[PDB]
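Q: Residues 2 to 71, 75 to 303, 311 to 378, 380 to 675, 678 to 726 in full-length UniProt numbering are what the sequence shown lists, from first letter to last.
Have a look at this one before I ask anything.
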Amino acid sequence: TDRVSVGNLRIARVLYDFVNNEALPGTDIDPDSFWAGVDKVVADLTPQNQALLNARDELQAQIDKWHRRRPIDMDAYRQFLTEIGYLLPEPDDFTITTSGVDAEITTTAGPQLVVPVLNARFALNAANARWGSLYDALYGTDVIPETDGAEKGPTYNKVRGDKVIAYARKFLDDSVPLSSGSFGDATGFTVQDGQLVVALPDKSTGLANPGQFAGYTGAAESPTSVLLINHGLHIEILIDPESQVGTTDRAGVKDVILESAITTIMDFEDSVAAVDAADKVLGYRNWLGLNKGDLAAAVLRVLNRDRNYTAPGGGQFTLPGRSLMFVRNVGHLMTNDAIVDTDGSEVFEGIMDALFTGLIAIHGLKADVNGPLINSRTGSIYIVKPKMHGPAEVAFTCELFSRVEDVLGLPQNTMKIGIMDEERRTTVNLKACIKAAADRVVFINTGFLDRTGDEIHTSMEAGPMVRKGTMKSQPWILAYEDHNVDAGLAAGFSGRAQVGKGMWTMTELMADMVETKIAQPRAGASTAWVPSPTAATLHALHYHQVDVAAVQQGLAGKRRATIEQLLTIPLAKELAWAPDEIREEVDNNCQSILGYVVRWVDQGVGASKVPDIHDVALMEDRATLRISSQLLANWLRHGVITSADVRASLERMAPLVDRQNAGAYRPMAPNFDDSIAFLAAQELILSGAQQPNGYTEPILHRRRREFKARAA
Ligand SMILES: Cc1ccc(C(=O)/C=C(\O)C(=O)O)cc1
Ligand SMILES: [Mg+2]
Ligand code: NI
């Protein structure tokens, strides 16, 4: 209610003051001009942000009418989408021209960690996760089974530590082979002639490929750590025979450190509840501390500094201590009262984010004002833009970034774009979307969770969908994943840009992650998303076993996905399911909505571990909420289930979600109809069909605001 008028804009004062007193000092931008430019960018690109948002509903309306009129003529289907401007012609082959891109993106294949920018500790850890102890990763997770006396105890279990050490020596054997013998046999390491030599219990061998020896610390004659490289990622053997772990170790190894989270996406979108100017500032403030380089916590944990090594021959070089940081703005749909206009119309959140995260990112290009730590050593600003539907929304984002770079005084194409392939209209037009961003594009990623949501909502009217667990094997999603890699490699992404795959959500099943997430490097993705620093280092194993660049060479030119397979709607069969299976699917989805929503609405937490009805802790975000809510809406709109069926499941799941929590937590049960979060969940399902492209934000935002408001 207390705002600052600049032009047609009414800036909430908390935002204005933050920009003026915290973000703008050090950017060379005079606050007068910046706001005047903000007002100017808002006023003129709001029309096209609104046109594009209008195109989405009218395309969807035409599709909904087509299915309801109508046993499905697929040639006619694809022709209709071509006729309404949903499917557009493929452009002809081209190479992306994006320049000034950090090497972690162009060349390096490895994990990419995603973290809510609103949690400064998490963001701190994510930035520091560029380096991760393989030992702590293995010890702390189920990768080493708690069996035969290897169970995690309140104190260090030396049986567990041995399987840890043994596992890591196996890894080193597969990544950096010795000419003869194994690292398990190693008794010590020295550097001679610029070449690493390892002491065995009989002879002394070297590296199979000595070029994998990348450096060391300490004296040549007994390093405190040897630095190894494999497939562009560094491995560090910490050597300390006096350390407790090193004392037991054949070679005095204290730890093996993996280069892990090569890049990190600091997220303003599906993993945060940022509903108003107060919420947005907390996130912008964290983004500012990360770009300054002085973000810190007590309970003093700092951002890591760079790591220095002696080069194998002479030299004293330096590797990045922290993960190269992206920011994920919100998409184009949502609106935020942080800025209202003269007439009360909220300003578009995506525009605001581009200017504010853009402005703040200026500090991360220098190192004393701007703070001491550099993010991009190439002057690029990395914004992944999510939920774009089609190439005209990409073009608008590039124009948007163009205008922001004007207001901000940056050269053009400073603001690079990570395109989320995660709406159906981007999938079937992906090559045109990359073209629309040919000079700003820096990755594509299959947002397979939002993409499933878009899939269900687009063909909502076609009939019941398969159960959610079944989507992973549907023709459309398998073509979607292969198509994304193809189009990226056809666009020149190899060595120029990242081809990225989606998020491992089972944060407690690391053994399974180590077993199955290798499929993503093996399919040619140069990065894949991990929810956690620990997961980053474990998923880093996979880039040591799979030569991602070599996989992408072999995939060149191959077109493994037809337009017809991309358009295969995941409809369920005839007799479908037993009431058995139906109820399981309803209970499962209702408990995943409720568990996620209650923390979103009552505590403004956008990313929660939520056990499903098989007691598997799932890291849940808005995208997973969108699937669950759209699938029940679809099952509802076709009579697979009843509105009272959905309420009964919500009623019976609420107490079990209540007992999955406690704290600061507010019990949903028994006063269901007067718990705001409960009604938010119910409305996400009962009104799921009505939301624009099934997005959950409109209902989540307004219910969060209303919860905040009843905290009067
Ligand atoms: C913990 C977490 C963080 C981010 C995401 C997410 O953004 C996925 C995608 O963008 C997409 O699969 O839709 C999921 C879980
Ligand atoms: Mg997504
Ligand atoms: Ni190899």
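Using N, Cα and C, we set each Cβ at its ideal position, and we do this for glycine too.
Under 7 Å Cβ to Cβ from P582, same chain only, skipping five residues before and after it: list those, please.
A: Within the same chain, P582 has close Cβ partners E467, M477, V478, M483, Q486, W488.
Q: CB-CB under 7 Å to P667, same chain, minus the five flanking residues each way: which ones, in chain order?
A: Counting only Cβ-Cβ distances below 7 Å, and skipping sequence neighbours, we find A683.
Q: Whose CB is closer than 7 Å to a heavy atom of ligand 3? List the residues in chain order.
A: Residues flagged by the Cβ proximity filter: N234, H235, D559.
Q: Leaving out the 5 sequence neighbours to the left and right, which residues in its chain are closer than 8 Å to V598 when beta-carbon positions are compared?
A: The residues are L644, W647, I653, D657, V658, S661.
Q: Whose C-alpha, out of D77, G192, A218, is nearest the C-alpha of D206?
A: Among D77, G192, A218, the Cα nearest to that of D206 is on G192.
Q: Here's a check: name, in chain order, each residue in its chain whose Cβ is nearer than 6 Å to the Cβ of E473, leaving out the five neighbours to either side.
A: For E473, where only same-chain residues beyond five positions count, the Cβ hits under 6 Å are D65, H68, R69.
Q: With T539 and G512 assumed to form a contact (beta carbons below 8 Å), what rounded beta-carbon distance in angstroms separates them?
A: Confirmed, Cβ separation roughly 4 Å.
Q: Would you check if there are 3 or more beta carbon pairs closer than 8 Å linking the segment 616-636 to the segment 558-565?
A: Counting Cβ pairs under 8 Å, fewer than three are found: no touch.
Q: In the segment 613-671, which residue ranges form an unbroken beta strand (DSSP E) of at least 3 residues, counting only runs that do not cross its ends?
A: Qualifying beta strand (DSSP E) stretches, in chain order: 620-623, 629-632.
Q: Between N50 and the rest of its own chain, which residues show a CB-CB distance below 6 Å, the 5 nearest in sequence each way excluded?
A: So the list reads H343, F359, once near-sequence residues are dropped.
Q: Express the C-alpha separation of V180 and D189 in angstroms, rounding to a whole number.
A: The alpha-carbon atoms of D189 and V180 are separated by roughly 14 Å.
Q: Tell me, please, which residues DSSP counts as bridged to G136.
A: Answer by DSSP bridge pairing, in chain order: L262.
Q: What is the residue span of the beta strand (DSSP E) that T346 lies within?
A: Element bounds for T346: 346-352.
Q: Within the same chain, show all residues whose beta-carbon is closer than 7 Å to that of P331, passing over the 5 residues directly before and after it, in chain order.
A: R134, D317.
Q: Could you pull the start and end residues of the beta strand (DSSP E) that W541 belongs to?
A: Per DSSP, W541 belongs to the beta strand (DSSP E) from 539-542.
Q: Check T482 in the structure and name its three-state DSSP category.
A: Reduced to three states, the DSSP call for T482 is helix.
Q: Does DSSP put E357 in a helix, a strand or coil?
A: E357: strand per DSSP, three-state reduction.
Q: Regarding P543 and ligand 1, is the C-beta to nearest heavy atom distance less than 7 Å?
A: The answer is yes for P543.
Q: Measuring alpha carbon to alpha carbon, tell me which residue in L606, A678, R680, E576 is nearest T86.
A: Comparing Cα positions, the closest option is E576.
Q: Less than 7 Å between C-beta atoms, sequence neighbours within five positions excluded: which residues of the same chain meet that for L314?
A: So the list reads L128, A131, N132, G297, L299, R333, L385, once near-sequence residues are dropped.
Q: Going by beta carbon distance, what residues of the same chain come within less than 8 Å of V201, once the five residues before and after it are set aside?
A: If we look at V201 and ignore the five residues flanking it on each side, its Cβ neighbours are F193, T194, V195, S208, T209, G210.
Q: Run through the DSSP bridge pairs and tell me what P227 is partnered with.
A: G222, per the DSSP bridge assignment.
Q: Looking at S275: is its Cβ nearer than 8 Å to the Cβ of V118?
A: Yes, they are a contact pair.
Q: State yes or no: is the C-beta of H401 within less than 8 Å of the C-beta of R437?
A: Yes.
Q: Report yes or no: do three or more beta-carbon pairs, one from the segment 280-294 and one from the segment 105-114, lie closer than 8 Å?
A: At 8 Å Cβ cutoff, the stretches do not touch.
Q: Here's the rule I'm using: 16 or more other beta-carbon atoms within 10 Å means buried, otherwise exposed. How should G536 be labelled?
A: Looking at its Cβ environment, which holds 16 or more other Cβ atoms inside 10 Å, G536 is buried.
Q: Looking at the secondary structure, which residues open and close the beta strand (DSSP E) in which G512 lies?
A: Run containing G512: 510-515, per the beta strand (DSSP E) assignment.
Q: With C-beta atoms as the reference, is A548 less than 8 Å away from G136?
A: A contact, by the Cβ cut-off of 8 Å.
Q: For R649, which residues from the same chain have a beta carbon less than 7 Å from its beta carbon, with the 5 sequence-adjacent residues on both sides left out?
A: For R649, where only same-chain residues beyond five positions count, the Cβ hits under 7 Å are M472, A703.
Q: Can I429 and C410 be called in contact, C-beta distance under 8 Å?
A: For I429 and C410, yes; Cβs fall inside 8 Å.
Q: Output needed for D177: all residues of its chain with C-beta closer than 8 Å, excluding positions within five of it in sequence on either side, in chain order.
A: Excluding sequence neighbours, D177 sits near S186, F187, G188.
Q: What does DSSP give as the partner residue(s) for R463 in the beta ladder?
A: BP columns for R463 are empty, so no partner.
Q: Going by the C-beta, is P398 closer than 7 Å to any heavy atom of ligand 1?
A: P398: yes, Cβ under 7 Å from ligand 1.
Q: How big is the Cα-Cα spacing for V526 and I393?
A: So the two alpha carbons sit approximately 32 Å from each other.
Q: For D271, I'd like the list of residues in its chain whose CB is within less than 7 Å of its CB, leaving aside the five on either flank, ordered along the chain.
A: Excluding positions up to five away in sequence, the list reads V118, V119, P120, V121, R339.
Q: Can you say whether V43 is buried or exposed, counting buried as having 16 or more other CB atoms within 10 angstroms of its CB?
A: When all chains shown are included, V43 counts as buried.
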